[PDB]
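S.K.: would you be able to build a 3D model of this:
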Amino acid sequence: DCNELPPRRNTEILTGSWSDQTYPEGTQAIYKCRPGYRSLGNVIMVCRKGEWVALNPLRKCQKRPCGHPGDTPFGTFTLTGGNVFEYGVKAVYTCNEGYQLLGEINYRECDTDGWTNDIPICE
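M.R.: Numbering: from 1, shown residues only. Below, you will see the structure:
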């Protein structure tokens, strides 16, 4: 039986009511995949032997994909923060030598629910 409360994590958050130091063994803790993160299901931990262990150790909340930021036949972009479209990358838009772009924001960033900006036009 638990003699400590379940922890809170970086990529995961406790979802449920926890208010006592001592919980019965076999109690699972359902974790939130933070806004901007996901897993597949939820990160389920469970109290076993007095400690909180991972019922599902395969589960953890990792970055969520953003999908396509919008491509263009003319122009390029580079990702900073990763090489994939995930929460945290900035798609720094680049262009051919002859152009720059329209807009003030020459990039797109991955926020919780997707990209912050649209497709900058090479001009």
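S.K.: quick one: contacts for the residue most central in space within the chain?
M.R.: When CA atoms, centre = their mean is applied to the chain, the residue found nearest the centroid is residue 37 (2.4 Å). Shown in contact with residue 37 (CB atoms under 8 Å, 6 or more residues apart in numbering): 11-12, 61-64, 87. All C-beta atoms are positioned from the backbone trio N, CA, C, and that covers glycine.
S.K.: out of those, the closest to residue 18 would be?
M.R.: residue 12 (13.8 Å; CB to CB).
S.K.: residue 50: neighbour count?
M.R.: By the criterion of other CB atoms under 10 Å, residue 50 has 13 neighbours.
S.K.: check contacts around it.
M.R.: If a contact means CB under 8 Å, 6+ apart, then residue 50 has 1-4, 25 as its contacts.
S.K.: domain boundaries for this structure, per the record?
M.R.: Annotated domains of the chain cover 1-67, 68-123 [curated CATH domains].
S.K.: off-centre distance for the first one?
M.R.: So the one you mean is domain 1-67. Centroid separation for domain 1-67 versus its chain: 16 Å, with CA atoms, centre = their mean, to the nearest Å.
S.K.: just the strands in this protein please.
M.R.: Under the criterion DSSP state E, strands of the chain are mapped to 12-14, 28-33, 37-38, 43-48, 51-54, 62-63, 76-80, 90-94, 107-111, 114-115.
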